[PDB]
Structure formats: structure tokens, C-alpha cells
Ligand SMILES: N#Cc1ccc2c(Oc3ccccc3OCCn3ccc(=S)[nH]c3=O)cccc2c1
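Listed next as C-alpha cells is one chain, alone, in the form deposited without this ligand.
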């Protein structure tokens, strides 16, 4: 029925009126369910007939539920959503099975007709007017207004969530030894009681919900494992994702690649070693969604590896508060990292990847710090605490990096694990000039109008070399001058530059960059033994 709970007062934005949109034509197959649906709701008082006193209207349509036999009735409330007051969303995230604990007895409940059981504010009801078009044509359609929360209105989710929280609070107050995960109308109820007492308490909860007009049909009530909860299969002592199907097509379009990348990202939370960079590299520079993209050799190999990974079945375990959280990080190459969070070895609580490229130039240590930060945030969200990290970086390397770096950086309590490839810095800049080396005073300029410039060096021995540069910039010319100095020098060099930009780039010790010139400079810097780079004002 309709909940006796109090309505939430809703108002339009100041100076705005209700929508007056016209209903678009609908197929005859659609206008057999809406008429069937609207007849039913009108019987239960969820919608009310209106006359000519209401000048508002809004298009309605219908889609198919996951049942594939019922129809979900939706209203295109975009115009009303524009003029509706702002709400604050109370859903701050998504529950994860890895944050669940071992419970002897588990049940899952779904509220039937969730939104249509919560009343709508009386003064806001007139703005939800809609028309059900007549079959074929003629005989103008019946006009209704919503007495309950409509589907498609931007205020419905928050209002329903608050109403459900208010309904559940009296039950949870008097039953503190029972865990209730509440997501919209989906309720996961877990307890350590025996099955008989658990079923008695579930019946009590169902009666309490029915007292507030929230019905829980037996069709959507699960009592035996595995439980289909929030996209996962929950067993007594393990959890899995519901089966993930990857397309097996021969010709790939942009939309297909996007769907595959999204599905692989979803599957990466429990399947270890998922790589997606090569596939996602095909999505840049392409405009049309239906444009066919030939699969590159690198993308095909990564797709084959991912298909290999998904072949075997993997499972995750439940959280144990009495044990310790350990997050192990592995390098995957080309700025890709994987991580496994577990409490016991070879029993993963969850898995994940980090492959975000931040900054034009960066090294492995910065990316490892970013991955640690992401894992820390995710662990705080899920379990409420930071794990102990197993990183493939030596303690001396981290000590040198964080003591010589100009930024305040930190990694929480961690220990070194010897799993190659190891994280290291590929070169170091001397803090003092090298005695007996050769000194290259490098210069580089470029006029801003003609976009031509010069870049060269002079050494104390008496060698000079200038190379004109076309379609360059002053920063590019300075970088090119440093590159010339690195190229023409020996195994030890003392480079003196007038560029703060080039020095600031080089001092960060990057090993990958978005600029090819910086990449060549890095390759040259790796070869040398001692390099001293100094700044001098022009």
C-alpha cells in the first residue's frame, strides 16, 4: 500500500513554474501496459485523475524490467528536474562484499514497488501531471497526477532512502546484534543466530515493514545460498561476481571497445592481473561511436591475456576483524600496477589495478605513491582502516627519494617484498660539480613570431655546436640544448643551463614522459655515470 510515513516538503526553484511538455507518440505495444499499469495504480490511490484545472504535462514511457515480463513506467521529468529545488544525496557509496563478515544465517529481501509506496508532497503533486495517450488516435487520453514518488524525478531516490532509513531505525535500535545492509530497497540481513531464530526474526522484520506499507513479496525473498546481492554471488564462506560475459566479435567499433573496457574494469575487482591500457589506447582520437577500429597487435595480446584470466573461476573471502589487512602491490609495466588486499596468504579479500597517468613526466616512485594513496582511500572506505603494504621497492631507494624530494611525500607502514620487476630510480644527479669532467654551457632561444630558434653549447675545452630548430619554442630549445650537451659529452659532464623549466623537469628524475624529447634526454641520462646540472641566470 502507501506508507503512513510523513512526506518530505518539496518546492520549485524561485520564480519557476511547472512543466508544460507535450506527450510524444507511443507504440501500441507500449500503450497496453501503461493503461494496464495506470488502471492498477489508480485503484490503489497511487495516481489520481485530474481535469482541466491542471495545466501541466510531462511525457511518459515504459521500459522492461529484469523480469522481462513486467513493465517499468517512467516519466521524462527533465524539464521539472531543471526547475526543482536542489537535494543533498545521502548515498555516499556502494557496499562491497569484501567488507562483509562471516555470518551463520543470511537472507536477502527486496521491497516490491519501492517508490510507489512512499507518499509525495501534496503541494508538489500538481506538477507531476501526465497523459496516457489513447490507443491509435481520437478520444483524448486520460490525465493523471502522482500521489507517490515518481520514477524519473531527481528527488525520488534521496526521499526514498531517507524514508527507508526512518522505517528501519526502530527495528535496528531494538535488534543491535543483526547486520542490515540497506541499498535503496535491497536489504541484506545477516545474523549469527540459528536458522530457526533467524527466520523468526526475518518474519518479524517483514511484519514491521508491512506495518509501514512496504511489502516484501516471496518471489524476491532469498533464503538459501548462493545469494544474488548487488551484482555478487554470496556463498557461506566466499563471494564471486555474477558471471561476466565478454564479447567474442571479429570487428570492433568504438562503442564495443568502450563496453569491453568497462566490463574488464568491473571484473578487475576480483580477477587478478587484468590489463586494459592497450585496449583503451584505441579510444583516443576517434570521434564516431560506430566507427570500426582495427585491433592492434598489442591490444590483441592483452585481450587474449584477459580472456585467459577470466577462464578460471576466482572467489573472494569475507573480512575478519581479528586479523590484519595486507595489500601487496605488483608492477605491470607501462605505468600499470596491480594490487591484492588479503588477510591470509593466497586468499584475496579483493583485487584491483591502478593505471592512471598523472603529469606530463613521472617516474615509478611517484606512480607507486599514487597507487598506495588510492588503495589507502579504498581500504578506508571499505573496511575503515589502512592496510599494511608490501611494495616492490627497497627501503634505501624510498629513503633517498623522499629525503631528496622537494615535496612532502609519505607511505604508511610497509615492508619490502622481493618480487621483480623492482621499483628504482634510473639515474641520480650529483650534488657537486664533477672534477675533471667537461663543462657545457648550454643556451637556447626561439623567437615567438617566426617560431624558429637556435640551441647550442660552448665547452671550456673550446668546442661549439649550434643547430637551428624549426617550429619549436623557447622551452623546447632549452631542452634540445641540454640534449645536445648530453649527446656530445663523455661519460661525465657538468651542464650549466639558463632554463628553470628544463632544470625543474630534469631534477624530478622522470623515466617516462609525454614528450619524445624528454624521453631521449632520459635515455641519455641513464647511460652516463655522473651528471651535474646547474642553473645560471641569463
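Positions refer to the first chain, counted from 1.
Below: the form solved in complex with this ligand, not depicted.
Classification of the binding site as blocked follows from the superposed pose of this ligand in the deposited bound form: three or more of its atoms fall inside 2.4 Å of backbone or C-beta atoms here. Considering this ligand in the deposited bound form, the lone stretch of 288 to 296, 120 to 128, 218 to 226, 301 to 309 in range is 218 to 226 [heavy atom distance within 4.5 Å]. Just one of 190, 352, 392, 155 comes within 4.5 Å of this ligand in the deposited bound form, counting any heavy atom, and that one is 190. Proximity to this ligand in the deposited bound form, defined as a heavy atom within 4.5 Å, holds among 329, 106, 132, 202 only for 106. For the chain shown alone, residue 421 is not a contact residue for this ligand in the deposited bound form, no non-hydrogen atom being within 4.5 angstroms. Contact annotation: residue 283 falls outside 4.5 Å of this ligand in the deposited bound form, judged by heavy atom distances. Under a 4.5 angstroms non-hydrogen atom cutoff, this ligand in the deposited bound form has residue 181 among its neighbouring residues. Using a 4.5 Å cutoff between non-hydrogen atoms, residue 368 does not count as a contact of this ligand in the deposited bound form.
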